[PDB]
Amino acid sequence: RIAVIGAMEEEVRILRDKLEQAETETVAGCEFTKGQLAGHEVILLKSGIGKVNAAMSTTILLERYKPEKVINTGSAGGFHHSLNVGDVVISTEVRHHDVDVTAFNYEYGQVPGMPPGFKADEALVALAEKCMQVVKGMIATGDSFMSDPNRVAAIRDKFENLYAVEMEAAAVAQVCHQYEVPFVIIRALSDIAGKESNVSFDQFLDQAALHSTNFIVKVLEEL
Amino acid sequence: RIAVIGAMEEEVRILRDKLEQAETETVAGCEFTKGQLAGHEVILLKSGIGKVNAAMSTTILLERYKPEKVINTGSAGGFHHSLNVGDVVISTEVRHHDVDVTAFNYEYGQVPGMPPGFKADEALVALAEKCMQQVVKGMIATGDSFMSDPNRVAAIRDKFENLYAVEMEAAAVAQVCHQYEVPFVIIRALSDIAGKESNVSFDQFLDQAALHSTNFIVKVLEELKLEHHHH
Ligand SMILES: Nc1ncnc2[nH]cnc12
Ligand SMILES: Nc1ncnc2[nH]cnc12
């Protein structure tokens with residue numbers, strides 16, 4: 001009934017240990033752990049990294065498990081100047097930052113036949129809000145780790161006030177969009193995109209998993 | 001039994017009219033037409049444009065229909081300097097051109113946990129080779145962008161060994177098939193030359209690209225007739 005999707009082992013292991021009556025099964029190399037948490041039937045999925053992994057894995061989830069709602073968790077790169085490593089971000093909206101079909105007058109980041117961005121579920125956002133350092137804002141995804149400052153600068157000028165950046169959210173949202181399943185992204189910051197990113201990431205990935213997981217647990221507890 | 005995937009309507013409509021006993025069904029806004037062609041059970045899928053669309057749609061195909069082999073068709077942007085609009089390219093290998101996790105020492109284009117590229121099926125490539133008698137065989141790389149910007153094109157040139165064509169689905173298809181362990185091959189035709197007058201050329205020669213790609217695929221399909229050769 002409720003799905004939580006994380007890319008890496010560190011981002012899911014915390015939740016997986018809290019699950020009870022855990023029954024794990026692998027499909028196309030993707031781990032699906034199914035159990036009980038906060039009186040919910042929770043389908044935990046390790047999606048792997050990147051758009052295609054997330055899209056494939058999210059599709060398998062929606063085909064086989066049919067969850068009513070979907071939450072995407074894990075680390076992300078800080079983009080807005082107010083935010084620090086450790087901070088949690090709830091998705092208001094999700095976009096691709098590396099999509100460019102502007103040669104056919106789709107606005108930057110817009111996949112053809114898709115809306116320019118994917119709005120997260122109002123009910124889930126409202127709920128997350130009550131449990132709110134946690135912030136609410138736009139998350140954009142690309143198939144790259146944003147460690148290059150130039151790449152980060154190139155993205156700044158394309159969106160209104162991007163909060164965080166990562167590599168799965170938009171794939172998750174876009175799939176959910178077409179299946180018409182409510183979604184929300186809840187991730188924590190492992191680093192600041194473009195600033196010593198990968199050294200910071202290795203240092204604070206476990207922290208990001210922890211903060212993200214704990215907020216999700218309280219949202220579940222509250223849902 | 002055999003799946004053929006294409007992103008736009010122009011890239012599938014040609015095939016879809018050749019199908020017999022056609023029975024179409026929509027899943028998550030994706031068209032799946034199922035019928036008979038060249039004595040094969042052919043699942044025709046309009047995937048939509050882009051990596052996520054292709055990945056989702058390919059996954060639905062593999063979950064629901066369980067095809068033994070997968071072919072990806074449609075238009076593509078010419079990258080190698082010998083090739084012209086109209087030319088057909090068979091995938092030797094497929095890569096992402098817009099993937100960069102080199103901060104963790106994956107080579108450029110390599111998605112983490114994936115091989116640097118996805119080799120197409122040897123049997124399918126060998127078969128396609130025979131039917132080449134302009135058709136060529138080479139690497140195809142995918143990104144979530146239409147490569148009309150010359151700068152974007154130049155940036156890619158220096159990353160791969162001798163890229164032939166670029167588009168927006170092949171690597172998603174291959175990566176899914178990779179993990180499902182389903183043989184695949186990309187067979188696309190050139191609508192334009194990436195970075196040149198790409199979108200004006202594309203609108204002009206998309207139908208031609210669909211046609212050439214579809215016809216080659218039909219004769220590759222027809223070339224079985226090789227599981228028997230009797231008839
Ligand atoms: N955690 C993260 N995920 C994706 N891209 C990033 N760039 C910097 N940090 C990142
Ligand atoms: N047909 C095509 N597909 C994707 N990218 C391109 N760039 C130029 N032509 C293209």
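Heads up, residue numbers simply count up from 1 along the chain you see.
According to its header, this structure was worked out by X-ray crystallography, 2.7 Å.
Cβ coordinates come from backbone N, Cα and C, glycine included.
Straight from Swiss-Prot, the features:
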- B:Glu11: active site, proton acceptor (ACT_SITE)
- B:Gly77, B:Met147, B:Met168, B:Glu169: substrate binding site (BINDING)
- B:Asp192: active site, proton donor (ACT_SITE)
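Database features (the PDB entry):
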- B:226-231: expression tag (SEQADV)
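Features as recorded by Swiss-Prot, highlighted on the structure.
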residue	record	Cβ contacts under 8 Å, 6 or more apart
B:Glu11	active site, proton acceptor	B:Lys46, B:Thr73, B:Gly74, B:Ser75, B:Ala209, B:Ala210, B:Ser213, B:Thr214
B:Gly77	substrate binding site	B:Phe146, B:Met147, B:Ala165, B:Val166, B:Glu167, B:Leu190, B:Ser191, B:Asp192, B:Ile193, B:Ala194, B:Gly195, B:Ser198
B:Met168	substrate binding site	B:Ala7, B:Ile49, B:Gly50, B:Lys51, B:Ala54, B:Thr142, B:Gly143, B:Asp144, B:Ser145, B:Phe146
B:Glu169	substrate binding site	B:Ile5, B:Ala7, B:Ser47, B:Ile49, B:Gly50, B:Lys51, B:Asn53, B:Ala54, B:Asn72, B:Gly74, B:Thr142
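Secondary structure at B:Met168 (substrate binding site), as computed by DSSP, is coil. B:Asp192 (active site, proton donor): 25 other CB atoms within 10 A of its CB, across all protein chains. Close to ligand 2, meaning a Cβ under 6 Å from one of its atoms, are these of the recorded positions B:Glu11, B:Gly77, B:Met147, B:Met168: B:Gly77, B:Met147, B:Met168. Under DSSP, B:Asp192 (active site, proton donor) is assigned to a strand (E or B) in the three-state scheme. For the segment bounded by B:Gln133 and B:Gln134, where 5 residues are absent from the model, the Cα separation is 9 Å. Taking every pair among B:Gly77, B:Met147, B:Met168, B:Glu169, the residues listed as contacting substrate, the largest Cα to Cα separation comes to 13 Å.
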